[PDB]
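In: The amino acid sequence is not available; the structure is as follows:
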Ligand SMILES: [Cl-]
Ligand SMILES: [Cl-]
């Protein structure tokens with residue numbers, strides 16, 4: 001799987017070259033980093049909010065582009081929001097690692113498929 005950054009921050013190897021989506025990816029790294037250091041109910045709900053907003057915006061750009069790999073991508077999105085929308089603070093160590101892993105793997109293994117296609 002790809003390297004999990006420590007400290008958990010965004011870096012350039014995650015760039016997709018669509019400014020607003022890259023800003024949103026940066027905020028999801030920050031959302032998870034904040035949950036890790038302050039595992040609170042506000043921080044978890046912020047992570048749910050920023051991730052939902054990002055997934056709606058990324059899916060709106062894939063649909064506008066008639067990007068042909070949008071439906072398995074949308075299911076990936078739906079499953080992750082279902083997972084973190086069901087969590088409650090403090091998130092245990094296993095689910096924190098799940099989120100860390102999932103965000104890295106999702107950007108590089110699935111969002112990278114739309115590079116230059118949106
Ligand atoms: Cl890499
Ligand atoms: Cl093309």
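Out: Noted; the coordinates are in hand. Numbering: from 1, shown residues only. Ligands and ions are numbered 1, 2, ... in the order given.
In: Can you name the helix or strand that the most centrally placed residue in the chain falls in?
Out: With distances taken as Cα atoms, centre = their mean, the residue of the chain nearest its centroid is residue 103 (4.5 Å). Following DSSP states H and E, the helix or strand that holds residue 103 is helix 93-109.
In: Skip the chain neighbours and tell me the closest residue to the residue nearest to the centre of the chain.
Out: Using Cβ to Cβ, 6 or more residues apart in numbering and skipping the chain neighbours, the partner closest in space to residue 103 is residue 28 (5.8 Å). Just so you know, the C-beta spots here come from the backbone N, C-alpha and C atoms, and that holds for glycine as well.
In: Work out for me the element that neighbour sits within.
Out: Using DSSP H and E, residue 28 falls in helix 19-37.
In: If you count contacts, what does the helix or strand following that helix end up packed against?
Out: Next helix or strand after helix 19-37 toward the C-terminus (DSSP H and E): helix 41-64. Where contact means 3 or more Cβ pairs under 8 Å, 6 or more residues apart in numbering; DSSP states H and E, helix 41-64 is packed against helix 19-37, helix 70-84.
In: So which of these is the most surrounded?
Out: When the helices and strands packed on helix 41-64 are scored by mean count of other Cβ atoms under 10 Å, the highest mean neighbour count falls to helix 19-37 (a mean of 17).
In: Having no further points to raise, I will conclude here.
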